[PDB]
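Source file: work.csv; contents: CSV, C-alpha atoms.
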chain,number,residue,atom,x,y,z
A,1,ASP,CA,0.0,0.0,0.0
A,2,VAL,CA,2.6,2.5,1.2
A,3,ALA,CA,5.1,0.4,-0.8
A,4,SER,CA,2.9,0.8,-3.9
A,5,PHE,CA,2.6,4.5,-3.4
A,6,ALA,CA,6.4,4.9,-2.9
A,7,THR,CA,7.2,2.8,-6.0
A,8,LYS,CA,4.8,4.9,-8.1
A,9,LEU,CA,6.4,8.1,-6.8
A,10,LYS,CA,9.9,6.8,-7.5
A,11,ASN,CA,8.9,5.8,-11.0
A,12,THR,CA,7.5,9.3,-11.6
A,13,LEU,CA,10.9,10.8,-10.6
A,14,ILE,CA,12.8,8.4,-12.8
A,15,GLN,CA,10.5,9.5,-15.7
A,16,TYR,CA,11.3,13.1,-14.9
A,17,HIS,CA,15.0,12.2,-14.9
A,18,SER,CA,14.7,10.9,-18.4
A,19,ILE,CA,13.0,13.9,-20.0
A,20,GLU,CA,15.2,15.0,-22.9
A,21,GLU,CA,16.9,18.3,-23.0
A,22,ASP,CA,14.7,19.8,-25.8
A,23,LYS,CA,11.7,19.7,-23.4
A,24,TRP,CA,13.5,21.9,-20.8
A,25,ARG,CA,14.1,25.6,-20.9
A,26,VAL,CA,17.1,27.1,-19.0
A,27,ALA,CA,15.8,29.4,-16.3
A,28,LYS,CA,19.0,30.3,-14.4
A,29,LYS,CA,22.7,29.5,-14.9
A,30,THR,CA,25.2,30.4,-12.2
A,31,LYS,CA,28.9,29.3,-12.0
A,32,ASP,CA,28.0,26.0,-10.3
A,33,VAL,CA,24.2,25.6,-10.5
A,34,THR,CA,22.0,25.2,-13.6
A,35,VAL,CA,18.2,25.5,-13.3
A,36,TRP,CA,15.7,24.5,-16.0
A,37,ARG,CA,11.9,24.4,-16.0
A,38,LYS,CA,9.0,23.1,-18.1
A,39,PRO,CA,5.2,23.1,-17.8
A,40,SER,CA,4.0,20.8,-15.0
A,41,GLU,CA,1.6,18.0,-15.9
A,42,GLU,CA,0.3,18.2,-12.3
A,43,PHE,CA,-0.8,21.8,-12.0
A,44,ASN,CA,-0.9,25.1,-13.8
A,45,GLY,CA,2.7,25.8,-13.0
A,46,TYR,CA,6.3,24.7,-13.5
A,47,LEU,CA,8.3,21.5,-13.0
A,48,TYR,CA,11.9,22.7,-12.2
A,49,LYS,CA,15.1,20.8,-12.7
A,50,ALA,CA,18.3,21.8,-10.9
A,51,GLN,CA,21.8,20.3,-11.3
A,52,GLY,CA,25.2,20.9,-9.6
A,53,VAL,CA,28.3,19.0,-8.5
A,54,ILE,CA,28.8,18.5,-4.8
A,55,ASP,CA,32.2,17.8,-3.3
A,56,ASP,CA,31.0,14.9,-1.1
A,57,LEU,CA,29.9,11.3,-1.3
A,58,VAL,CA,26.3,10.3,-2.1
A,59,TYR,CA,25.3,8.9,1.2
A,60,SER,CA,26.5,12.0,3.0
A,61,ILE,CA,24.6,14.3,0.7
A,62,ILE,CA,21.3,12.4,1.0
A,63,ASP,CA,21.7,12.1,4.8
A,64,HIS,CA,21.7,15.9,4.9
A,65,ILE,CA,18.8,16.2,2.4
A,66,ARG,CA,16.4,13.6,3.8
A,67,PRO,CA,13.9,14.6,6.5
A,68,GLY,CA,15.4,15.0,9.9
A,69,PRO,CA,17.3,17.4,12.1
A,70,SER,CA,20.3,17.7,9.8
A,71,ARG,CA,18.2,19.0,6.9
A,72,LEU,CA,16.4,21.5,9.3
A,73,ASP,CA,19.8,22.8,10.6
A,74,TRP,CA,21.5,23.6,7.3
A,75,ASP,CA,18.6,24.6,5.1
A,76,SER,CA,18.1,28.3,5.8
A,77,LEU,CA,14.6,28.3,4.2
A,78,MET,CA,13.3,25.6,6.6
A,79,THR,CA,12.2,26.8,10.0
A,80,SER,CA,10.8,23.6,11.5
A,81,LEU,CA,10.7,19.9,10.6
A,82,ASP,CA,8.6,17.2,12.3
A,83,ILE,CA,8.5,13.5,11.4
A,84,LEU,CA,4.8,12.6,11.7
A,85,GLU,CA,5.0,8.8,11.0
A,86,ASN,CA,7.6,6.2,10.0
A,87,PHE,CA,7.1,3.3,7.7
A,88,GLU,CA,9.1,0.4,6.3
A,89,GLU,CA,11.5,0.8,3.4
A,90,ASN,CA,12.9,4.2,4.4
A,91,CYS,CA,9.6,6.0,4.0
A,92,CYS,CA,8.0,8.5,6.4
A,93,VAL,CA,5.5,11.4,6.6
A,94,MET,CA,6.9,14.7,7.6
A,95,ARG,CA,5.8,18.3,8.0
A,96,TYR,CA,8.0,21.3,7.6
A,97,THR,CA,7.6,25.1,7.5
A,98,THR,CA,9.4,27.7,5.5
A,99,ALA,CA,10.6,31.2,6.4
A,100,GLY,CA,8.8,34.2,4.9
A,101,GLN,CA,10.3,35.1,1.5
A,102,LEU,CA,10.5,38.4,-0.3
A,103,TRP,CA,9.8,40.7,2.7
A,104,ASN,CA,6.8,38.5,3.5
A,105,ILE,CA,5.2,38.9,0.1
A,106,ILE,CA,5.4,35.1,0.5
A,107,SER,CA,4.4,34.5,4.1
A,108,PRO,CA,5.5,31.2,5.9
A,109,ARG,CA,4.3,28.0,4.3
A,110,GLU,CA,3.7,24.6,5.7
A,111,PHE,CA,4.0,21.3,3.8
A,112,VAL,CA,3.0,17.8,4.8
A,113,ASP,CA,4.9,15.3,2.5
A,114,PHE,CA,5.5,11.7,2.0
A,115,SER,CA,9.2,10.9,1.7
A,116,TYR,CA,11.1,7.9,0.3
A,117,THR,CA,14.8,7.2,0.1
A,118,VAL,CA,15.7,4.5,-2.4
A,119,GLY,CA,18.8,3.3,-4.3
A,120,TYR,CA,19.1,4.5,-7.9
A,121,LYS,CA,21.9,3.1,-10.1
A,122,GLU,CA,25.2,3.9,-8.3
A,123,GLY,CA,23.6,6.4,-6.0
A,124,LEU,CA,20.4,7.4,-4.3
A,125,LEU,CA,17.0,9.1,-4.8
A,126,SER,CA,15.2,11.0,-2.1
A,127,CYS,CA,11.8,11.8,-3.4
A,128,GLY,CA,8.6,13.2,-2.0
A,129,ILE,CA,5.0,14.4,-2.6
A,130,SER,CA,2.5,16.2,-0.5
A,131,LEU,CA,-0.4,14.3,1.2
A,132,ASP,CA,-3.8,15.4,2.4
A,133,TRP,CA,-3.5,16.2,6.2
A,134,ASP,CA,-6.4,17.9,8.0
A,135,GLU,CA,-4.6,19.5,11.0
A,136,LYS,CA,-4.7,23.2,9.9
A,137,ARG,CA,-2.4,25.8,11.5
A,138,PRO,CA,-3.6,29.3,10.6
A,139,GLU,CA,-0.2,31.0,10.8
A,140,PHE,CA,1.1,28.9,7.8
A,141,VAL,CA,-0.2,28.7,4.3
A,142,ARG,CA,-0.5,25.0,3.3
A,143,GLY,CA,1.7,24.7,0.2
A,144,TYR,CA,1.6,21.6,-1.9
A,145,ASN,CA,4.6,19.7,-3.3
A,146,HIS,CA,3.8,17.8,-6.5
A,147,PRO,CA,6.2,14.9,-7.1
A,148,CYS,CA,9.7,16.1,-6.4
A,149,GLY,CA,13.1,14.7,-5.4
A,150,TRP,CA,16.9,14.7,-5.4
A,151,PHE,CA,19.0,12.3,-7.4
A,152,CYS,CA,22.5,11.9,-6.2
A,153,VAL,CA,25.1,9.8,-8.0
A,154,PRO,CA,28.9,9.5,-8.2
A,155,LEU,CA,30.6,11.8,-10.6
A,156,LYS,CA,32.1,10.7,-13.9
A,157,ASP,CA,35.6,12.0,-13.5
A,158,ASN,CA,35.9,11.7,-9.7
A,159,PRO,CA,33.7,9.2,-7.7
A,160,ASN,CA,34.4,11.1,-4.4
A,161,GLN,CA,32.3,14.0,-5.9
A,162,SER,CA,28.6,13.6,-6.8
A,163,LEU,CA,26.2,15.0,-9.3
A,164,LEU,CA,23.1,16.3,-7.5
A,165,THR,CA,20.0,16.6,-9.7
A,166,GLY,CA,16.8,18.0,-8.2
A,167,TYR,CA,13.2,18.0,-9.5
A,168,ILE,CA,11.0,20.6,-7.7
A,169,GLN,CA,7.3,21.1,-8.4
A,170,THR,CA,6.1,23.3,-5.6
A,171,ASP,CA,2.7,25.1,-5.6
A,172,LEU,CA,3.1,27.8,-3.0
A,173,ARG,CA,-0.7,28.4,-3.1
A,174,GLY,CA,-2.1,31.7,-1.8
A,175,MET,CA,-2.0,34.7,-4.0
A,176,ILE,CA,1.5,35.7,-5.2
A,177,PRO,CA,2.6,37.6,-8.3
A,178,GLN,CA,4.1,35.4,-10.9
A,179,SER,CA,7.4,37.4,-10.8
A,180,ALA,CA,7.7,36.8,-7.0
A,181,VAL,CA,6.9,33.0,-7.5
A,182,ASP,CA,9.7,32.7,-10.1
A,183,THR,CA,12.1,34.8,-8.0
A,184,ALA,CA,11.4,32.6,-4.9
A,185,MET,CA,11.9,29.3,-6.8
A,186,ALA,CA,15.2,30.5,-8.2
A,187,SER,CA,16.4,31.7,-4.8
A,188,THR,CA,15.1,28.5,-3.2
A,189,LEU,CA,17.2,26.4,-5.5
A,190,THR,CA,20.3,28.5,-5.4
A,191,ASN,CA,20.3,28.8,-1.6
A,192,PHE,CA,19.6,25.1,-1.4
A,193,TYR,CA,22.9,24.3,-3.2
A,194,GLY,CA,24.7,27.1,-1.4
A,195,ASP,CA,23.5,26.2,2.1
A,196,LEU,CA,24.2,22.5,1.4
A,197,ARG,CA,27.7,23.0,0.1
A,198,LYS,CA,28.5,25.1,3.2
A,199,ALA,CA,27.3,22.4,5.5
A,200,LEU,CA,29.3,19.5,4.0
Go ahead and express the file in the form of structure tokens.
Amino acid sequence: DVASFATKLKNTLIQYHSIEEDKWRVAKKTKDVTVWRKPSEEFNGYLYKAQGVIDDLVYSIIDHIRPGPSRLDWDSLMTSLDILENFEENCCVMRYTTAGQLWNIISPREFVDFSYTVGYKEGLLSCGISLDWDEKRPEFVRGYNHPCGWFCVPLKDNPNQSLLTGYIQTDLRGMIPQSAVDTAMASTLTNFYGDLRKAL
């Protein structure tokens, strides 16, 4: 049941990871992060893809990304993270909150997500998707993560480095100008890579 859900989610992420280059549009290119995006099939919005080299091993990187206190500590956007329920096969239900963005044009969000860590080729996939969850907290807008995840695999040249590929499909909900949404996604992805590299 949970295992079927998790396998479907994993297979969705693997499908994302095989989308060819011509379907993506470059959204942002820094010195060590590239960001693409395409229309989402899940909502009137974007599926984002991000890619960058991390100077660390795969298990270390995913240990920091996966739900838990380590993720909360280094991820500057995350302000709380609770594990709500644990399952077999490295699956759990977690809830996290984000700091306000853009001088609170984007007020704090809350997400309740399923999360699954699974081997992928020579590395790992940590993927997730929001679930329905009734407990409403009025000081947080309930955002919604469509299927999303982080692929992390050893690098071609140097296996002590890793290629980190993210797929991000967040609906912030509420009412936010499109320019702010695009700005906040770009800063979320660039700060993710920046904060993560500083923590390793």
What is the atom CA of residue A:27 to atom CA of residue A:65 distance in Å?
23.1 Å
Between A:78, A:50, A:3, A:62, which has the minimum distance to residue A:91 (counting all atoms listed in the file)?
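Closest to residue A:91 of all the choices is A:3.
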Selected residue of minimal separation from residue A:57 among A:83, A:105, A:14, A:152, counting all atoms listed in the file:
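Checking each of A:83, A:105, A:14, A:152 against residue A:57, counting all atoms listed in the file, the winner is A:152.
With distances taken over all atoms listed in the file, A:118 is the one residue among A:118, A:111, A:165, A:104 lying closest to residue A:66.
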Within 9 Å of residue A:186, counting all atoms listed in the file, which residues qualify if same-chain residues fewer than 4 places away don't, as a ChimeraX atom specification?
/A:27-28,35,181-182,190-191
Skip residue A:148 itself and residues of its chain fewer than 2 positions away, then list as an MDAnalysis selection string all residues within 8 Å of it, counting all atoms listed in the file.
chainID A and resid 13 127:129 145:146 150 166:169
Distance in Å - atom CA of residue A:125 versus atom CA of residue A:29
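According to the coordinates, atom CA of residue A:125 and atom CA of residue A:29 are separated by 23.5 Å.
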How many Å separate atom CA of residue A:136 from atom CA of residue A:108?
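Between atom CA of residue A:136 and atom CA of residue A:108 the gap is 13.6 Å.
If all atoms listed in the file are the atoms counted, then among A:86, A:51, A:178, A:7 the closest residue to residue A:164 is A:51.
Candidate residues A:144, A:198, A:89, A:139 were compared for distance to residue A:112, and the nearest is A:144, using only C-alpha atoms.
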Contacts of residue A:154 at 10 Å or less, counting all atoms listed in the file, minus same-chain residues fewer than 2 places along, as a PyMOL selection string?
chain A and resi 53-54+56-58+121-124+152+156-164
Env of residue A:84: 9 Å cut, atoms = all atoms listed in the file, seq-sep filter 4 positions within chain, self excluded. Answer as a PDB file with C-alpha atoms, in the coordinates of the input.
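Writing the result to selection_33.pdb gives the following:
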ATOM      1  CA  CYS A  92       8.000   8.500   6.400  1.00  0.00           C
ATOM      2  CA  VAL A  93       5.500  11.400   6.600  1.00  0.00           C
ATOM      3  CA  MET A  94       6.900  14.700   7.600  1.00  0.00           C
ATOM      4  CA  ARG A  95       5.800  18.300   8.000  1.00  0.00           C
ATOM      5  CA  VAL A 112       3.000  17.800   4.800  1.00  0.00           C
TER       6      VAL A 112
END
May I ask which of the residues A:119, A:194, A:149, A:177 is the closest one to residue A:48, counting only C-alpha atoms?
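Of the candidates, the smallest distance to residue A:48 is held by A:149.
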Using the file's own x, y and z axes, what box holds all listed atoms of stretch 51-66 of chain A with 3 Å on each side, keeping edges along x, y and z, and what are its centre and edge lengths in Å to one decimal, as JSON?
{"center_x": 24.3, "center_y": 14.9, "center_z": -3.2, "size_x": 21.8, "size_y": 18.0, "size_z": 22.2}
